[PDB]
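In what follows, a structure is listed as structure tokens, so that the remarks can point back to it.
No lab work stands behind these numbers, since they all come straight from the coordinates. Here the Cβ positions follow ideal geometry from the backbone for every residue, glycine too, while neighbour counts run over all protein chains shown.
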Amino acid sequence: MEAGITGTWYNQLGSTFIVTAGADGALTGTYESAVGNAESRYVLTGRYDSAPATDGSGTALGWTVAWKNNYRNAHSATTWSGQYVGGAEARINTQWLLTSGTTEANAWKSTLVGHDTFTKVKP
Amino acid sequence: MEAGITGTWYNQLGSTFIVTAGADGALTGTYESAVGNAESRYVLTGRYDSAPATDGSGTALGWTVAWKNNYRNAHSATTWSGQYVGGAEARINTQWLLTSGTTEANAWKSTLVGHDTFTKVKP
Amino acid sequence: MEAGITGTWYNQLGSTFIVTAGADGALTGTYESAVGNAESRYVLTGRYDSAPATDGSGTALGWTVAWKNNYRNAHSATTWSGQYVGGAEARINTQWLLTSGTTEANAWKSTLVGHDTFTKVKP
Amino acid sequence: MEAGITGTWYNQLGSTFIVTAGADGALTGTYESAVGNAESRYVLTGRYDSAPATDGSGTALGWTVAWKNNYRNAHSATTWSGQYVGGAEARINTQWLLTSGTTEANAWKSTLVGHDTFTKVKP
Amino acid sequence: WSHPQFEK
Amino acid sequence: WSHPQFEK
Amino acid sequence: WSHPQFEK
Amino acid sequence: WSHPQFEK
């Protein structure tokens, strides 16, 4: 139902996040590269607060991408957790966790942490 | 397709994570409390590596829960990022990010970080 | 020994980080507010790689501030982990963890995660 | 001044953390391997709340280790952020960020996140 | 304040 | 509640 | 090693 | 690649 969220978003690197915000709170779409060829496209699914507070607070949301498609398998998954802030300069501020499948011994280097900011305007 | 993942999981606190692993890589299910009444149940969606490495590495996955149901709205979303490790004592080791929708001024306290371990046996 | 690091740094919010990089790898200094009165000043200590790679890689470092001074005690500590990138526009890119002392029951909301970018020029 | 903190601590892996808690709030010591030879020993410095709440809350603290000694340089630094919980089974519960110095292009894989639990009794 | 994730 | 880290 | 998330 | 933090 969140038209505010539904659409195309771009992060600082040029990656494109295309999402549809369902009235039920579902997020569905695809994540791809700057040179968005099919080989760089991956499916995403997530959830968002479909009834946010009206006091000016952002809209909490999160989504996951498993890095496997018909062209590649990076044996990993990334989750983005953050909030949508609407307005003239709408943005989705997030923090992410990228976990790679590792052997038990290598579990110490299994999870990278970072952050991304998405906007409606191409970088 | 991951029967290994499909099923009921429990974390250290008694929370119950019921999930179905689709052949396509989709994760769908619900997250609830120890005293799992309807009021404590929330929808979850995620993704997992449906073609993991066979060298003994774990299976990367992630899921999101938006904390809104028909009984409550905590205006927040949590993402879990981790890996499934099968075997006699199967477990899902994760790290999570809980983001609450905040005003721009309060964005500094918007995201909590933690970790959870899920097992097939009730704590 | 890192003159590159020694000096005054400012983050996006106006906070001021004054540090001295010892030849041994020690970091010592103070962290304070935009309106840097004594009441907002806290001691910091950390470590940094005193013999970084010369291939263009950044200089890994980290520091801690316990939020207690003679005017206030917020019963918490923040650690910043990141790297120094020298040059015309030198910057310290970091990710931080702010942990508050909590009761065992409340340990779930004990740790906030975020990121900060510091520069030599006042915002 | 925190005798409770001063001493030898061990994490799940066998790593040994030897620290002295100064009356001023300073933490000073060394971190080493299970087979604690000199080659595995690194200097640490941090801070802790020297006047914790008495309501049963833990004691917030943090420390940093730059992974360089006279035998090796891993061009990285780890910060641990957490709290000390005293008592019969005293423990230091932490979350850590390990940042490696990277080129600007590789900054995405610069920071690993994890957690450690330290106890007074050898594992 | 508490949260549904941990009332579980 | 606020915090000294961000009152800066 | 690189990763599809950042080749974007 | 390994790391001194975990060779411990």
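Go through the residues of segment C:77-84 one by one and say whether even a single one is loosely packed, with under 15 Cβ neighbours inside 10 Å, more than 25 Å from B:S100 (Cα to Cα) and at the interface with another protein chain (Cβ under 7 Å from one of its Cβ atoms).
Within segment C:77-84, the first condition is being loosely packed, with under 15 Cβ neighbours inside 10 Å, and the residues that meet it are none.
No, segment C:77-84 contains no residue that is loosely packed, with under 15 Cβ neighbours inside 10 Å, more than 25 Å from B:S100 (Cα to Cα) and at the interface with another protein chain (Cβ under 7 Å from one of its Cβ atoms).
Can you pull out the residues in segment D:101-122 that are part of a loop (DSSP other than H, G, I, E, B), surrounded by fewer than 16 Cβ atoms within 10 Å (Cβ to Cβ) and either aromatic (F, W, Y) or facing another protein chain (nearest Cβ under 8 Å) (or both)?
D:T103
Per-residue answers, yes or no, for (1) at the interface with chain A (Cβ under 7 Å from one of its Cβ atoms); (2) part of a loop (DSSP other than H, G, I, E, B); (3) in contact with a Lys or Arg (Cβ under 8 Å, 6 or more places away or on another chain):
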residue: B:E39; (1), (2), (3): no, no, yes
residue: B:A66; (1), (2), (3): yes, no, yes
residue: B:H75; (1), (2), (3): yes, no, yes
residue: B:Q95; (1), (2), (3): yes, no, no
residue: B:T99; (1), (2), (3): yes, no, no
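For D:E32, work out the one condition from (1) in contact (Cβ under 8 Å) with a residue 60 or more places away in the chain; (2) more than 29 Å from C:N70 (Cβ to Cβ) it doesn't fulfil.
It is condition (1) that D:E32 fails.
Taking the stated definitions as given, is A:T79 within 18 Å of D:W108 (Cβ to Cβ) and part of a loop (DSSP other than H, G, I, E, B)? Give the steps one after another, and end with the answer.
Working: within 18 Å of D:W108 (Cβ to Cβ): yes; part of a loop (DSSP other than H, G, I, E, B): no.
Taking the combined requirement at face value, the residue does not satisfy it.
Restrict the check to segment C:46-53 and report whether at least one residue is crowded, with 21+ Cβ neighbours inside 10 Å, within 14 Å of chain F (Cβ to nearest Cβ) and not aliphatic (A, V, I, L, M).
Taking segment C:46-53 and keeping what is crowded, with 21+ Cβ neighbours inside 10 Å, we get C:46-49, C:52.
Among the residues that remain, those that are also within 14 Å of chain F (Cβ to nearest Cβ) are: none.
Checked segment C:46-53: no residue is crowded, with 21+ Cβ neighbours inside 10 Å, within 14 Å of chain F (Cβ to nearest Cβ) and not aliphatic (A, V, I, L, M).
Scan segment C:1-37 residue by residue and report those that are away from chain F (no Cβ under 11 Å), hydrophobic (A, V, I, L, M, F, W, C), closer than 19 Å to C:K120 by Cα and not in a loop (DSSP other than H, G, I, E, B).
C:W9, C:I18, C:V19, C:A21, C:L27
A:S57 fails exactly one of the following numbered conditions: (1) closer than 23 Å to B:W67 by Cα; (2) within 14 Å of chain G (Cβ to nearest Cβ); (3) in contact with a helix residue (DSSP H, G or I) (Cβ under 9 Å, 6 or more places away or on another chain); (4) hydroxyl-bearing (S, T, Y). What is the number of that condition?
Going through (1) closer than 23 Å to B:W67 by Cα; (2) within 14 Å of chain G (Cβ to nearest Cβ); (3) in contact with a helix residue (DSSP H, G or I) (Cβ under 9 Å, 6 or more places away or on another chain); (4) hydroxyl-bearing (S, T, Y) one by one, A:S57 breaks only (2).
Return yes when A:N70 is in contact with a helix residue (DSSP H, G or I) (Cβ under 9 Å, 6 or more places away or on another chain), surrounded by fewer than 17 Cβ atoms within 10 Å (Cβ to Cβ) and more than 11 Å from chain G (Cβ to nearest Cβ) and no when it is not.
Working: in contact with a helix residue (DSSP H, G or I) (Cβ under 9 Å, 6 or more places away or on another chain): yes; surrounded by fewer than 17 Cβ atoms within 10 Å (Cβ to Cβ): yes; more than 11 Å from chain G (Cβ to nearest Cβ): yes.
Against the criterion (in contact with a helix residue (DSSP H, G or I) (Cβ under 9 Å, 6 or more places away or on another chain), surrounded by fewer than 17 Cβ atoms within 10 Å (Cβ to Cβ) and more than 11 Å from chain G (Cβ to nearest Cβ)), A:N70 qualifies.
How many of the residues making up segment B:44-60 are assigned to a strand (DSSP E or B) and either of a type in the set (G, A, S) or closer than 22 Å to D:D116 by Cα (or both)? Explain how you work it out, then say what you get.
Looking only at segment B:44-60, we keep the residues that are assigned to a strand (DSSP E or B), and these are B:44-48, B:59-60.
Then drop every residue that is not either of a type in the set (G, A, S) or closer than 22 Å to D:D116 by Cα (or both), which leaves B:46, B:60.
So the count comes out to 2.
How many residues does segment D:98-123 hold that are of a type outside the set (K, R) and either closer than 25 Å to D:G4 by Cα or touching a residue at least 24 places away in the same chain (Cβ under 8 Å) (or both)? Walk me through it before giving the result.
Let us first name the residues in segment D:98-123 that are of a type outside the set (K, R), namely D:98-108, D:110-119, D:121, D:123.
Then drop every residue that is not either closer than 25 Å to D:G4 by Cα or touching a residue at least 24 places away in the same chain (Cβ under 8 Å) (or both), which leaves D:100-101, D:114-119, D:121, D:123.
The qualifying residues number 10.
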